[PDB]
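Beneath this line is the structure, given in C-alpha cells, with notes to follow.
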Amino acid sequence: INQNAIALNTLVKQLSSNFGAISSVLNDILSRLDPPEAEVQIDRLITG
Amino acid sequence: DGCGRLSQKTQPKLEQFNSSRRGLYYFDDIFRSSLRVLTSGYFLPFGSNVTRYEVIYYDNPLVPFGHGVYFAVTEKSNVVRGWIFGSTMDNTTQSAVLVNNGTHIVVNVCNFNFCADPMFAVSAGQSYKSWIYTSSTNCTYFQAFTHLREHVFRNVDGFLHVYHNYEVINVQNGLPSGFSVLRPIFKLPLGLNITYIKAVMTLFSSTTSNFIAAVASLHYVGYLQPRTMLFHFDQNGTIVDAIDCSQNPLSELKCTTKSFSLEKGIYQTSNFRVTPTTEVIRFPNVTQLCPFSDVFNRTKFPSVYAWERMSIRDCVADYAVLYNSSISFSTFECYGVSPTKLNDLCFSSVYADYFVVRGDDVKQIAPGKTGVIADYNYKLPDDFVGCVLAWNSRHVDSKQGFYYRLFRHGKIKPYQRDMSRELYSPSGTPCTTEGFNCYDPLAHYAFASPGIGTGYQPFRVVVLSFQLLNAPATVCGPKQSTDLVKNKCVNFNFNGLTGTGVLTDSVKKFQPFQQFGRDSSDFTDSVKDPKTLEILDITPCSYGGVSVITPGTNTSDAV
Amino acid sequence: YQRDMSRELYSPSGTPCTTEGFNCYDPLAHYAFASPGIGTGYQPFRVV
Amino acid sequence: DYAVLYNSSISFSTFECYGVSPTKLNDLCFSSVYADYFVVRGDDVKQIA
Amino acid sequence: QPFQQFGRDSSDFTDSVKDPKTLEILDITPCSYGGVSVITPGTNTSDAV
Ligand SMILES: *[C@@H]1O[C@H](CO)[C@@H](O[C@@H]2O[C@H](CO)[C@@H](O[C@@H]3O[C@H](CO)[C@@H](O)[C@H](O)[C@@H]3O)[C@H](O)[C@H]2NC(C)=O)[C@H](O)[C@H]1NC(C)=O
Ligand SMILES: *[C@@H]1O[C@H](CO)[C@@H](O[C@@H]2O[C@H](CO)[C@@H](O[C@@H]3O[C@H](CO)[C@@H](O)[C@H](O)[C@@H]3O)[C@H](O)[C@H]2NC(C)=O)[C@H](O)[C@H]1NC(C)=O
Ligand SMILES: *[C@@H]1O[C@H](CO)[C@@H](O[C@@H]2O[C@H](CO)[C@@H](O[C@@H]3O[C@H](CO)[C@@H](O)[C@H](O)[C@@H]3O)[C@H](O)[C@H]2NC(C)=O)[C@H](O)[C@H]1NC(C)=O
Ligand SMILES: *[C@@H]1O[C@H](CO)[C@@H](O[C@@H]2O[C@H](CO)[C@@H](O[C@@H]3O[C@H](CO)[C@@H](O)[C@H](O)[C@@H]3O)[C@H](O)[C@H]2NC(C)=O)[C@H](O)[C@H]1NC(C)=O
Ligand SMILES: *[C@@H]1O[C@H](CO)[C@@H](O[C@@H]2O[C@H](CO)[C@@H](O[C@@H]3O[C@H](CO)[C@@H](O)[C@H](O)[C@@H]3O)[C@H](O)[C@H]2NC(C)=O)[C@H](O)[C@H]1NC(C)=O
Ligand SMILES: *[C@@H]1O[C@H](CO)[C@@H](O[C@@H]2O[C@H](CO)[C@@H](O[C@@H]3O[C@H](CO)[C@@H](O)[C@H](O)[C@@H]3O)[C@H](O)[C@H]2NC(C)=O)[C@H](O)[C@H]1NC(C)=O
Ligand SMILES: *[C@@H]1O[C@H](CO)[C@@H](O[C@@H]2O[C@H](CO)[C@@H](O)[C@H](O)[C@H]2NC(C)=O)[C@H](O)[C@H]1NC(C)=O
Ligand SMILES: *[C@@H]1O[C@H](CO)[C@@H](O[C@@H]2O[C@H](CO)[C@@H](O)[C@H](O)[C@H]2NC(C)=O)[C@H](O)[C@H]1NC(C)=O
Ligand SMILES: *[C@@H]1O[C@H](CO)[C@@H](O[C@@H]2O[C@H](CO)[C@@H](O)[C@H](O)[C@H]2NC(C)=O)[C@H](O)[C@H]1NC(C)=O
Ligand SMILES: *[C@@H]1O[C@H](CO)[C@@H](O[C@@H]2O[C@H](CO)[C@@H](O)[C@H](O)[C@H]2NC(C)=O)[C@H](O)[C@H]1NC(C)=O
Ligand SMILES: *[C@@H]1O[C@H](CO)[C@@H](O)[C@H](O)[C@H]1NC(C)=O
Ligand SMILES: *[C@@H]1O[C@H](CO)[C@@H](O)[C@H](O)[C@H]1NC(C)=O
Ligand SMILES: *[C@@H]1O[C@H](CO)[C@@H](O)[C@H](O)[C@H]1NC(C)=O
Ligand SMILES: *[C@@H]1O[C@H](CO)[C@@H](O)[C@H](O)[C@H]1NC(C)=O
C-alpha cells in the first residue's frame, strides 16, 4: 500500500520540474513567446 | 449597365432544417490511402442549424462570413450563378464578385457601387443585362429539383478556397440526408477583408420589363464551427465515413480508440463535451502614458562612461504612439519577450538607461559580446530581459565633449559605472603627471570632422529592462476589462495570466504582496483580482472520470 | 497577406468624420524622399 | 592579445565568431592559426559566412 | 489517380513514383530485403563459415 501511494505521489509531484525549459508552468510560456519559439520549450516538457 | 428596381418588399421567412451528415471536404493535399487520421479544424457539425431561403419572394440577406459558410442549392434550372464578397458593400472598400458567364469563370475584385437588389436578367430565353454594379474604380485582379450543388467557401491567409459537389435528388421539400464530400477547385489569391457574403440570382420577364420570379429555387446556408473529427480513407483515398467527436457519448469513445467498430465491455473516455466561449479580462484601472517625450526627446544625453538610470512606474504602456513621432529606429531587438505580444503584459520593474556611442559600436550593446564598450564602459548580464532601441542623432549631437574609457586594468561587472579621471600606467606604478608611462584613460569621439562616414556618426541608445510575474505590476498594456463571470469555466486573463477553469468564490486567507496562488505541482488554483481586491479560485472544467458501457457494434448502439 | 487600400478619414474616438480637421486626420503619410542630402535610413528601397 | 587593437585607429564594422565564444578568447591556446586577407565590395561582406 | 507525384505508405516510406518524362508509375524497393545468418565454428577452430 505504501509503495503504491509513494509511486502515485511521486508521479504527481514530478510535474514541478521544468527539465531544460524556462518554466514548469505552461501558461506563462505561451504568454511571452511566439509559437515558433514556444514549440521548442513545449517539446522537452512533453518528452520528459 | 445600371440596375432595376423592386418597390415590393415581402418580409423574409426563416425556417430551421438540419444538415444531417453533410459538409465535408478534403482539408489538405496529402494523399492518404487505407488509414484513419484524427484532425481538428473548422468543419460543419452534424445536425446543424441550417437556414433556408426562397425566391415578391426575394430574400438576399447579408450573411456574416464568420469562419466559413456552407452553401448548398437545390434547383431545376440555372437561376443561382454568383455570390458577392465584401465588408461594407460600398465603393470605399474593395469587394469581390464571382459570376458564371462564359469559358471558365468570371471573377472580379474591384470597388463596386452595388444597387439595392443586385440581380441578373434573362428575357425571351436569352441573355440580358447584368444589373449587379454600376461603376468600376481603380482595380487589379481579373480572370476569365433534379440538380443539387454544394459549395464551401473558406478564406485563410488571403486565399479563397472553393469546393464543389454535384448530386441528383428528387425531393419536393426538405434538405435530403446522407453523406457528401467536396473537392477543391479554386485557390484564387486575393488579399481582402471578407465579413459579409451575398447572393445574386436571375429574374425572368416577358419582353423587356415587369420581371417576375417565375422559377423558384431553394438554397441553404451553414456556419462552420471549430470541431474535432475522425476521418477514414479508402484505398483510392476517398472519404467514406467520419465521426464528429462531440455529438453523443459513443462518439468520443470511438474517437479515442481510433476505430470504427467496438467490442463488448467498459472503457474510459476523455473530455470532448465542454468548450469555453466566454472571456474574463481583468486589469488594474489606471490611465496615464509613460513620459516617452522625456526619454526619447531629451535634449542632453551623457557619454557611455557616465550613463544614467531612470525609473518608470504607474503607466499605461503604448508603443504605438511612437509612430506619430519623427524618430526612426535603426536597431530594435528584444530578448526574452516577443515583440509581437508586448501590449498584453504587465511589467513589474521598468528601468531605462541612455547614453551616446559611436555608429560602429551599436552592436556591442548586446549580451555575451566583446568590445571596449562591453569591457570598460557598459556590460549587460547574460540573462538580460528587455529590448534595445537606437537611432541616429547627427543633427543634435554634432558637437564636442563626448568621451569613452580606453584604458582599464580589470573588466567591469554588468550594470557598473566607472566615472573616474585618475591617470593610468600599464606597469601599475602610481603616476604624478601626464607623460611617459602615464596616459589619459578617456579618449575623444571626434564627431566634429566634416564628411565623416556612417560608422563614425553619433548615435543615441536607450536600454529597457523589466521583470515579469514575480512582483505586483505597475506598468501594463492598453487593455480594457470585461467584468467578472461566475459559475462558468472560461478563459481569464489577470495581469497577463492566461488560464481556463471555473471561478465561483474563495475563502482562502493569504499575505499581502501576492498576486498568484501556486501549488505543489505548480498548478494555479487561486488569484487576486486587482480591481475588487479579493481572492478567487481556479478549478479545471473537467474533474471526474467518465466510463461508458457498450454491448458491441453489431449488438446495438445504446450505451 | 492583406491589402488595405483605403482613403477614409480616421478618428481616434471612433466617431464618424465629415471633413479633415479637429479629431479627423489623414490615414496616409508621405515618405518625403525629396529632401537633399538625406541619410541612408531615409533613402527609398525596393523589396521583392 | 586582442586588447591592443583598441589603441589603434581601426573601427571594425563586422565581427562574428563561430565555434568559440568571443568572451573567452583570452583564456585559450590555439594550435594552428592562419589568416586570409582580400578586398571585396561593401554589399558582399555578408557572403563571407 | 491524377494529380499525384509520389507513392506514400502507412509507415511514410516511399514505394511508387510517377516519371515526369514517360508519364508512367515506377516502384521503389530497398536494396536489402532478406535476413542473413552466418554459422561459424569458432576462431581457434577454423575460419570457414
Ligand atoms: C477506386 O474506385 C473504383 C470505382 O469504380 C473502385 O471500383 C473498381 O473500379 C474499376 C475501374 O472501373 C473496376 O474495374 C472494372 O471492372 C469490371 C470487371 O472487369 C469492368 O467494368 C472493367 O473491365 C474493369 O475491369 C473494378 O471492378 C471496380 N471494383 C469494384 C470492387 O467494384 C476501385 O475498387 C477503387 N480502387 C481501389 C484501389 O480501392
Ligand atoms: C479602480 O480601482 C479602484 C482602486 O484603485 C477601485 O475603487 C473602488 O471603486 C468602487 C466602484 O464601485 C467603489 O465601490 C463603491 O463604494 C461605495 C460603497 O458604499 C458605493 O459608492 C458603491 O456601492 C460601490 O461599492 C470603491 O469604494 C472604490 N474603492 C475605494 C474608493 O477605495 C475601483 O474598483 C476601480 N474602478 C472601477 C471598477 O470603476
Ligand atoms: C500626432 O502628433 C501631432 C503633432 O504633435 C499631434 O498634434 C497635436 O495634437 C495636440 C492634441 O493631441 C494639440 O494640442 C491641442 O491643440 C489645441 C491648441 O489650440 C487645443 O485643442 C488644445 O489646447 C491642445 O493644446 C496640438 O496643438 C497638436 N499639434 C500640432 C497640430 O502641431 C497629434 O494630435 C498627434 N496624433 C494624431 C495625428 O493622431
Ligand atoms: C573595485 O576596486 C578594487 C580596489 O581598487 C579593485 O581591485 C583591484 O584590482 C586591480 C586589478 O586587478 C588589482 O591590481 C593588481 O594588484 C597587484 C599589484 O598591486 C597585481 O596583482 C597586479 O599587477 C595588479 O596591479 C588591485 O590590487 C585590486 N585591489 C584590491 C584592493 O583588491 C577591483 O578590481 C574593482 N572592481 C572592478 C569590478 O573593477
Ligand atoms: C598607443 O599607441 C600610441 C601611438 O602609437 C603609442 O605611443 C607610442 O609608444 C611607443 C612605445 O610604446 C613610443 O616609442 C618610444 O618612443 C620614444 C622615442 O623617443 C622612446 O621612448 C623609445 O625609443 C620608443 O621609440 C612611440 O614614440 C609612441 N608614439 C607616439 C607617442 O606617437 C602608445 O604607447 C600606445 N599605448 C598606450 C597609450 O597605452
Ligand atoms: C518531354 O516531355 C514531353 C511531353 O511534355 C514528351 O513528349 C514525347 O516525346 C517522345 C519522344 O520519344 C514521343 O515518343 C515518340 O512517339 C512516337 C510513337 O509513334 C515515335 O516518334 C517514337 O517512337 C517515340 O515513342 C512522345 O510521343 C511524346 N509525347 C507526346 C507528343 O505527347 C517527351 O517524352 C519528353 N522529351 C524527350 C524525352 O525528349
Ligand atoms: C434531421 O432532420 C430530419 C428531417 O426532419 C430527421 O429525420 C426524421 O427523423 C425522425 C426521428 O424521429 C423520423 O421519425 C422521421 O421520419 C425523419 N424524417 C425524415 C424526413 O427523414 C433527422 O432525424 C434529423 N437528424 C438529426 C436531428 O440528427
Ligand atoms: C460574359 O460577359 C463578358 C463581359 O461582357 C464577355 O466578355 C467577352 O469574353 C469573350 C470570351 O468569352 C471574349 O472573346 C470577348 O472579347 C469578351 N468581350 C469583351 C468586350 O472583352 C463574355 O462574352 C462573357 N463571358 C466571359 C467569360 O467573360
Ligand atoms: C485610384 O485610381 C485613380 C485613377 O487612376 C488614381 O487617382 C489618380 O492619382 C494620381 C496620382 O498621381 C493623380 O495625379 C490623379 O489626379 C488621380 N486621378 C483621379 C481621377 O483621381 C488613384 O491613385 C488610385 N488609387 C489607388 C491606386 O490607391
Ligand atoms: C524633439 O521635439 C522637438 C519639437 O518639440 C524637435 O525640434 C524640431 O526639430 C526639427 C528637426 O531638426 C527642426 O526643424 C525644428 O525647428 C525643431 N522645432 C520644432 C518646434 O519643430 C526635435 O527635433 C525633437 N527631437 C530631439 C530634440 O531629439
Ligand atoms: C436550432 O435548431 C434547434 C432544433 O434542432 C432549435 O431548437 C433551435 O432553436 C435552433 N436555433 C438555434 C439558434 O439553436
Ligand atoms: C462613392 O460612393 C459615394 C456614396 O454613394 C458617392 O458619393 C461617391 O461619389 C462615390 N465615389 C465614386 C468615385 O464613385
Ligand atoms: C458483425 O455482423 C456481421 C453481419 O453479417 C458479421 O458478418 C460480422 O462478422 C460481425 N462483425 C464482427 C466484428 O464480429
Ligand atoms: C585459442 O587458442 C589458444 C592456443 O594456445 C589458446 O591458448 C587460447 O586460450 C584460445 N582462445 C580462446 C578464446 O579460447
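Computed across region B:288-361, the Kirkwood hydrodynamic radius from all distinct Cα-Cα pairs reaches 14.4 Å. Once both labels are positioned 7 Å from their Cα atoms along Cα-to-Cβ, the gap between residue B:37 and residue B:534 label points is 5.1 nm. As an equivalent ellipsoid, region B:333-459 spans semi-axes of 32, 21, 11 angstrom, where each value is the square root of five times an eigenvalue of the C-alpha gyration tensor, largest first.
For region B:184-338, what class follows from the C-alpha gyration tensor (a ≥ b ≥ c being the square roots of its eigenvalues): rounded when a/c is under 1.5, otherwise prolate if a/b is larger than b/c, else oblate? Note, shape of region B:184-338 comes out oblate. Applied to region B:398-404, the Karplus parametrisation 6.51 cos²θ - 1.76 cosθ + 1.60 on θ = phi - 60° returns per-residue 3J(HN,Hα) values of 9, 9, 10, x, 8, 9, 9 Hz, with x for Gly and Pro.
Every Cα-Cα pair in region B:473-519 was counted, and those over 18 Å apart are 42% of them. Pairs spanning more than 23 Å between alpha-carbon atoms, out of A:13/B:488; B:300/B:479; B:341/B:508; B:488/B:528; B:341/D:24; B:187/B:258: A:13/B:488; B:300/B:479; B:341/B:508; B:341/D:24; B:187/B:258. Count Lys and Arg as plus one, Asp and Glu as minus one, and take only other residues whose Cβ is under 10 Å from that of residue B:482; the net charge is then 0. If you restrict to DSSP beta bridges whose two residues both lie in the protein assembly as shown, what percentage is antiparallel, to the nearest 5? Percentage antiparallel, nearest 5: 90. Bridgeable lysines around residue B:363 (alpha carbons under 16 Å apart, same-chain partners fewer than 8 residues away excluded): B:379, D:46.
Note on region B:339-396: with charges restricted to the Cβ of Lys and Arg (+1) and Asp and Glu (-1), its dipole about the Cα centre is near 200 debye. For the pair chain C and region B:252-314, the centres of their Cα atoms are 31 angstrom apart.
If you look at the Cα atoms of region B:399-557, you get an Rg and a Dmax of 31.6, 105 Å.
Throughout, read-outs are computed from the coordinates displayed, never taken from laboratory work. Because the Cβ atoms are built from the backbone with ideal geometry, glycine has one as well, and the counts that use them run over all protein chains shown.
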